[PDB]
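Q: Sequence, then the experimental structure. Questions to follow.
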Amino acid sequence: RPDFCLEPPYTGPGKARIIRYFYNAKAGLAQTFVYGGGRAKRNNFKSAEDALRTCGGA
């Protein structure tokens, strides 16, 4: 599994409220989070389906 997939989400310092997806380590689900619009980390997807294709598999 890529090495960023089990990290908590990262809002960053931006002031936007963009609804992105992260792969939730505990649950194994794609979940929404509020992204601030800059300085993303890699557990940050535009859709649930992208989060699962990248992070869902062991």
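A: Sure, I can see it. Residues are numbered from 1 along each chain as shown.

Q: For the rest of this, base every contact and every neighbour count on C-alpha atoms.
A: Will do.

Q: Show me the helices in this protein, by range?
A: 48-55 (DSSP state H).

Q: List the residues that contact the residue of it most remote from its centre.
A: Within the chain, the residue lying farthest from the chain centre (Cα atoms, centre = their mean) is residue 15, at 17.4 Å. Going by Cα atoms under 8 Å, 6 or more residues apart in numbering, residue 15 touches 36-37.

Q: Residue 36 versus that one, what's the distance?
A: 5 Å (Cα to Cα, to the nearest Å).

Q: Contacts only, for the residue nearest the centre of the chain.
A: Computing the C-alpha centroid of the chain and ranking residues by Cα atoms, centre = their mean puts residue 22 first, at 2.3 Å. Listed by Cα under 8 Å, 6+ apart, the contact set of residue 22 reads 8-9, 30-33, 43-45, 48, 51.

Q: give me every residue that touches the nearest residue to residue 48 once chain neighbours are set aside.
A: Take residue 48 and drop its neighbours on the chain: the residue closest to it by Cα to Cα, 6 or more residues apart in numbering is residue 30, 5.2 Å away. Applying Cα under 8 Å, 6+ apart, we find residue 30 in contact with 21-24, 48-49, 51-52.

Q: Residue 28 touches residue 56, doesn't it?
A: Yes: using Cα atoms under 8 Å, residue 28 makes contact with residue 56 at a distance of 7.0 Å.

Q: Can you pick out the residue with more neighbours from these two?
A: Just comparing residue 28 and residue 56: by other Cα atoms under 10 Å the higher neighbour count belongs to residue 56, 18 against 13.

Q: how close does the more buried one get to residue 37?
A: In terms of Cα to Cα, residue 56 sits 24 Å off from residue 37.

Q: likewise residue 54?
A: 21 Å.

Q: Next: residue 50.
A: Applying Cα to Cα to residue 50 and residue 37 gives a distance of 18 Å.

Q: likewise residue 13?
A: As judged by Cα to Cα, residue 13 and residue 37 stand 8 Å apart.

Q: go on, residue 57?
A: For residue 57 relative to residue 37 (Cα to Cα), the value is 27 Å.
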